[PDB]
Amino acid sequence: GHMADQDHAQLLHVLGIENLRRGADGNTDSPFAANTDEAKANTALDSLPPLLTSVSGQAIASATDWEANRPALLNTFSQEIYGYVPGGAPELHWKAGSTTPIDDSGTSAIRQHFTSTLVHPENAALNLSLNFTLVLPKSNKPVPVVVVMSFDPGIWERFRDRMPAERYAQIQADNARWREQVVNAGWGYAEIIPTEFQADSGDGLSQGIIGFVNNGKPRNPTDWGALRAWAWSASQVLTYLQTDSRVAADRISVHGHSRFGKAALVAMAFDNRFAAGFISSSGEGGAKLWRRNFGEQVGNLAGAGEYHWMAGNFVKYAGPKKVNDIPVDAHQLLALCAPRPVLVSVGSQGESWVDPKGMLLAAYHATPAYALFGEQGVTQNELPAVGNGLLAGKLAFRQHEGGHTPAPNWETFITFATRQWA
């Protein structure tokens, strides 16, 4: 849309940036196609920022030192990468309807819809109606709940009449399956559609929650973008869930896939109340190291089509700065989740855009922070055989046998979280 283009252009003007390097293309016949040749993907890894040097420039030698550095390290991710949550972000007050059984079987599993209304003090066109759906298995005790970020299912339906049908059937089956796997494990889930909180476009940056807080004005370059706002939305659901006696307050997980996998990891790192993370095929801007040249590139995320995911400040790393200059990398983002358990998940079929091994490497290079806490992580720097999970530490990696989908790793994640919480 033209508004994304206009805001992007004004952002470059505000940072004093003439040109950005192009992003990569995904089709291999293009001159700009992404590198997928492992031999050409590691030039920048020598500038990898030292995980265990604090922002003050001291050596980090203990769990205590890592926690003392955490706010400063988060602050760098806020100003330069994902943006600050403004203090003006409001409290969400939720109203719930009645519970209804999830199916007519006589299960005691229930569904309940929650709504929060925000009236803007100045401009009613910024008003918001925000939602999540809670699903709980029946239990005599508080149950774990995974906060789930989903793609708007109105999208599968808009295109039901135009899809191969084998594939529509398979998406619908996967969508039903994880819901059943969660409940059968004695977990509930709390589902949000993130794009109802903040649109997935620069067009919407003056709308949604970012626009509400900004009174419909353009972002300053240190303000949150969409990933951080989606993570904030998940965090507000966790805040509700910790007031609900049906929920185990120390076993609220977060999950998202693809662009929501990026957001879920941002949530995991920034909100240490989340008890476990299922981070699926997140890629560039998520668990993939920026300094890998493999699949999606910084120029993709600094460009008009995806910059809205990021702080405005981030686009400088595609222009007057290079990937080598990013003050942090994805191993520090995973490290920020320590000591809490995180599964980095990716498929094996058609996943080059997210760089399976660059995510592995992020976990590998994050692990010395988990080690400070007496915990284990990822200890090899090459991909295991597909399907062989590195599942023993609090920081874990499993590449499954499928494509760009989380469905083959829900079983692994639920089992993993249960074992790591014991």
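One rule holds for the numbers: they count along the sequence shown, beginning at 1.
Just going by the entry, 371 to 379 versus 24 to 32 on mean CA temperature factor gives the higher value to 24 to 32.
The question of which stretch, 152 to 160 or 234 to 242, has the higher mean Cα B factor is settled in favour of 152 to 160. Of the residues listed, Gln198, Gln170, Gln181, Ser206, the entry assigns the biggest Cα temperature factor to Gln170. For the set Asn272, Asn127, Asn293, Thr133, the maximum C-alpha B-factor listed in the entry falls on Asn293. The entry lists a Cα temperature factor for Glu38 that places it in the highest third of the chain's modelled residues. When the modelled residues of the chain are ordered by C-alpha B-factor, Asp103 sits in the highest third. When all modelled residues of the chain are sorted by CA temperature factor, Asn123 is found within the middle third. For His257, the recorded CA temperature factor ranks within the middle third of the chain's modelled residues. For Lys217, the recorded CA temperature factor ranks within the lowest third of the chain's modelled residues.
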